[PDB]
Amino acid sequence: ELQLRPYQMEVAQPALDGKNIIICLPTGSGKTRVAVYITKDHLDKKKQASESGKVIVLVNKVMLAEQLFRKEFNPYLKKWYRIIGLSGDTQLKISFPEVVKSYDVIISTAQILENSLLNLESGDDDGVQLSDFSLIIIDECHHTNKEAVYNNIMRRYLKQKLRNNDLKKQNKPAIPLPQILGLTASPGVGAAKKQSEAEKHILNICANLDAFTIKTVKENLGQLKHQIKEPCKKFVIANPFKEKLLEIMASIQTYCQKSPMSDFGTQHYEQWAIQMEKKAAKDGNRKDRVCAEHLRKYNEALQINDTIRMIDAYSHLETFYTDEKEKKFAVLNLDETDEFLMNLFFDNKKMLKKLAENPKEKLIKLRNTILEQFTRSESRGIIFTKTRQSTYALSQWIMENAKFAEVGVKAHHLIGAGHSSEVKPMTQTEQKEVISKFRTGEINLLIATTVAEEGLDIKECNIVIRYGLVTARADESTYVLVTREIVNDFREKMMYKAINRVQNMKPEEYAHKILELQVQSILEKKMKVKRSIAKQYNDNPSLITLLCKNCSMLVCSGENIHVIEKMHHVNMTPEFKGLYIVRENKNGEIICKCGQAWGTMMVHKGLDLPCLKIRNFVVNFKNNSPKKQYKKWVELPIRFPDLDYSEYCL
RNA sequence: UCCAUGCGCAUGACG
RNA sequence: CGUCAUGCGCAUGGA
Ligand SMILES: Nc1ncnc2c1ncn2[C@@H]1O[C@H](COP(=O)(O)OP(=O)(O)O)[C@@H](O)[C@H]1O
Ligand SMILES: [Zn+2]
């Protein structure tokens, strides 16, 4: 079987000639299948050539790899050729180079391939080359812009290509390089206020891929257009506690002589709070880092309240101050500052809570909007929002709300898996379960945070409602936008025209432009190398000291620290040990004699290790140069010794 | 299956 | 350059 649709046929035609073209098509056109056909044709040709045919397919997300190995490639070609569903998570007893030698076809993930190539350049002796393959295929090429995995990969291919040109002229023989296909929904357009900038961006993409031309369907376009149902665009749009909190912020400002130089509930105030916090850290002073941090917490509460039930802000600060109280209690087992701030809060805490019960509330507007939508439904919907906490708050509020229960439409939250912002990350398994549930109708509506926007298989949904999120199927579209669609349309128009412009270009001029872009990218990479190496020069054993940032006291030295796994830094020598405190709630966490959090107590190879984080400490060189904050160890060019387990045997 | 950690990347907003 | 929010990948250790 594997019959190929017509509009797919023409667009794929050039690649069958060895063309390293790009194929951009819309969503739902099943470019996976045309990709399969192309792979099949390339391999059959290499069979006729009596030469080995290798394909190494790449994706930026794992689940895509699983889907292609599950539903697309193996079904059609499993019996014809060897296929492997490679991924970083899937424990594979065998190393990558072997499967490079042992499988005719490969689904994979970019970073894995890059790591193998790095080992080739390194002394690990695990070797692979883009030349070793006969064909490289990529999905969502549009990510090949800025130091992305795809881009980092192709840059090597280019460099080699230019050497190949020089050798072609200088020498009759030249080394080989593979064909390159690239598939995307749309090449995309970045920060292009002009069709010229857009044209340049597109050309930069093509250069990164080194592709011959872009390809899109116009002749057979009507067939695909009718075949694919495409939704219509649309946009639809719908205190006292805040005042008290602002008053308290002003009270702290008066108590700290802190000038916001900015409005309330704005990013710039937070940015100033952080910069002031850094200055206080370098000054080793309190009510400066401390109160600045407290103010930042307050402004976070504000921005929460600006869109959210102030109950949630009360919960936010309930959590914050209760945990601070617990830290102080552990320390005890308080000064003018902490007492002032804590009491300044607790005094109004009950009143704030009472105010929180009073609705007098964007969320209340969205509730009415949503219920009105549900009356139309007769059943699938997707919410979106900026943050993770937002999704949980929405799900909690909707579940609590009786009206939505009366409607009988269930709802659940959904987020990514990155352990960031100290918020619970959903696991890939859990995400898969939830989307399966919604597809089955177990959950009528799914709250999301851009995870559902792409990758995850969500289709045939009546409505796609949004809640201040910058950005349906089954021939049913109920787009909503509560609180940039026009500007987005303008950009789409611009990129389409730029694409047509590039398609209608001289092959010579086009080749010259893309060649220049290739050279530029290579030069940028070389410059990046130059600066990156210069960063790591000092490599001092011990030229710094770790200090608590609330109480600017020496906490460690430069030499007492040791490294385990060449990842984690730790301080044995219990002179430090008697200082730090331990606390847990629900391996364990570490805190300060001042309540300042310090890190966690990891255990490696059986040694108990009070591991820590540079973020929560402030540097103090031996040269007495000003204090510093790095947010990560690698920023420091000096080198710490790997721990010797023979030492500290005890 | 879960936990914790390190590293890199892109996106949007903001300065 | 920094900030914040969001999403992704890789590599670890333990259970
Ligand atoms: N040659 C073909 N004939 C008929 N339908 C096809 C053909 N090739 C692809 N399709 C359709 O394309 C769909 C696959 O789309 P999919 O790959 O999931 O979307 P996308 O291309 O956006 O990833 C299949 O459901 C299939 O019906
Ligand atoms: Zn302290």
# chains A, B, ... in the order shown; residues from 1 in each chain; ligands from 1
>>> residues_near_ligand(ligand="ligand 1", cutoff="8 Å", atoms="only C-alpha atoms (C1' of nucleotides) and all ligand atoms", output="list in words")
residues 2, 3, 4, 5, 6, 8, 25, 26, 27, 28, 29, 30, 31, 32, 33, 34 and 185 of chain A
>>> interface_residues(of="chain C", to="chain A", cutoff="7 Å", atoms="only C-alpha atoms (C1' of nucleotides)", output="PyMOL selection string")
chain C and resi 3+5-10+13
>>> write_last_selection(atoms="N, CA and C atoms (P, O5', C5', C4', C3', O3' and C1' of nucleotides)", output="PDB file, in the first residue's frame")
ATOM      1  P     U C   3      18.543  37.284  36.231  1.00  0.00           P
ATOM      2  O5'   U C   3      17.108  37.743  36.728  1.00  0.00           O
ATOM      3  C5'   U C   3      16.903  39.063  37.199  1.00  0.00           C
ATOM      4  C4'   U C   3      15.465  39.465  37.041  1.00  0.00           C
ATOM      5  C3'   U C   3      14.492  38.323  36.835  1.00  0.00           C
ATOM      6  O3'   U C   3      14.159  37.671  38.042  1.00  0.00           O
ATOM      7  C1'   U C   3      14.029  40.039  35.288  1.00  0.00           C
ATOM      8  P     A C   5       9.109  33.324  38.012  1.00  0.00           P
ATOM      9  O5'   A C   5       7.995  32.934  36.949  1.00  0.00           O
ATOM     10  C5'   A C   5       6.697  33.494  37.035  1.00  0.00           C
ATOM     11  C4'   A C   5       5.950  33.349  35.740  1.00  0.00           C
ATOM     12  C3'   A C   5       6.026  31.983  35.088  1.00  0.00           C
ATOM     13  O3'   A C   5       5.110  31.064  35.651  1.00  0.00           O
ATOM     14  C1'   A C   5       6.433  33.652  33.471  1.00  0.00           C
ATOM     15  P     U C   6       5.439  29.496  35.642  1.00  0.00           P
ATOM     16  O5'   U C   6       5.416  29.115  34.097  1.00  0.00           O
ATOM     17  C5'   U C   6       4.260  29.369  33.317  1.00  0.00           C
ATOM     18  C4'   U C   6       4.426  28.926  31.888  1.00  0.00           C
ATOM     19  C3'   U C   6       5.087  27.581  31.669  1.00  0.00           C
ATOM     20  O3'   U C   6       4.203  26.498  31.880  1.00  0.00           O
ATOM     21  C1'   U C   6       5.977  29.163  30.160  1.00  0.00           C
ATOM     22  P     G C   7       4.780  25.029  32.159  1.00  0.00           P
ATOM     23  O5'   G C   7       5.429  24.607  30.771  1.00  0.00           O
ATOM     24  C5'   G C   7       4.614  24.379  29.633  1.00  0.00           C
ATOM     25  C4'   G C   7       5.444  24.172  28.394  1.00  0.00           C
ATOM     26  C3'   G C   7       6.483  23.069  28.460  1.00  0.00           C
ATOM     27  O3'   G C   7       5.943  21.777  28.259  1.00  0.00           O
ATOM     28  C1'   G C   7       7.461  24.999  27.538  1.00  0.00           C
ATOM     29  P     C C   8       6.818  20.480  28.622  1.00  0.00           P
ATOM     30  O5'   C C   8       8.111  20.612  27.705  1.00  0.00           O
ATOM     31  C5'   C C   8       8.015  20.452  26.299  1.00  0.00           C
ATOM     32  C4'   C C   8       9.368  20.296  25.657  1.00  0.00           C
ATOM     33  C3'   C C   8      10.280  19.242  26.252  1.00  0.00           C
ATOM     34  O3'   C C   8       9.959  17.935  25.823  1.00  0.00           O
ATOM     35  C1'   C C   8      11.504  21.222  25.868  1.00  0.00           C
ATOM     36  P     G C   9      10.636  16.670  26.538  1.00  0.00           P
ATOM     37  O5'   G C   9      12.180  16.824  26.196  1.00  0.00           O
ATOM     38  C5'   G C   9      12.644  16.620  24.873  1.00  0.00           C
ATOM     39  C4'   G C   9      14.137  16.774  24.790  1.00  0.00           C
ATOM     40  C3'   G C   9      14.948  15.870  25.698  1.00  0.00           C
ATOM     41  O3'   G C   9      15.127  14.576  25.161  1.00  0.00           O
ATOM     42  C1'   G C   9      15.739  18.076  25.889  1.00  0.00           C
ATOM     43  P     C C  10      15.589  13.373  26.113  1.00  0.00           P
ATOM     44  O5'   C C  10      17.055  13.788  26.563  1.00  0.00           O
ATOM     45  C5'   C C  10      18.102  13.859  25.614  1.00  0.00           C
ATOM     46  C4'   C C  10      19.404  14.239  26.264  1.00  0.00           C
ATOM     47  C3'   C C  10      19.848  13.372  27.424  1.00  0.00           C
ATOM     48  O3'   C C  10      20.476  12.178  27.001  1.00  0.00           O
ATOM     49  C1'   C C  10      20.075  15.639  28.008  1.00  0.00           C
ATOM     50  P     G C  13      24.839   7.679  38.262  1.00  0.00           P
ATOM     51  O5'   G C  13      24.288   7.604  39.748  1.00  0.00           O
ATOM     52  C5'   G C  13      24.987   8.248  40.796  1.00  0.00           C
ATOM     53  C4'   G C  13      24.066   8.623  41.925  1.00  0.00           C
ATOM     54  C3'   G C  13      23.104   7.547  42.389  1.00  0.00           C
ATOM     55  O3'   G C  13      23.710   6.577  43.220  1.00  0.00           O
ATOM     56  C1'   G C  13      21.949   9.586  42.172  1.00  0.00           C
TER      57        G C  13
END
>>> residues_near_ligand(ligand="ligand 2", cutoff="8 Å", atoms="only C-alpha atoms (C1' of nucleotides) and all ligand atoms", output="ChimeraX atom specification")
/A:548-553,592-597
>>> closest_atom_pairs(of="chain B", to="chain A", cutoff="8 Å", atoms="only C-alpha atoms (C1' of nucleotides)", output="tab-separated table")
residue	atom	partner	partner_atom	distance
B:4	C1'	A:587	CA	7.0
B:5	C1'	A:568	CA	7.7
B:6	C1'	A:567	CA	5.7
B:9	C1'	A:148	CA	5.7
B:10	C1'	A:148	CA	7.1
B:12	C1'	A:470	CA	6.9
B:14	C1'	A:267	CA	6.2
B:15	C1'	A:268	CA	6.2
>>> atom_distance(atom1="atom CA of residue 155 of chain A", atom2="atom CA of residue 193 of chain A")
27.4 Å
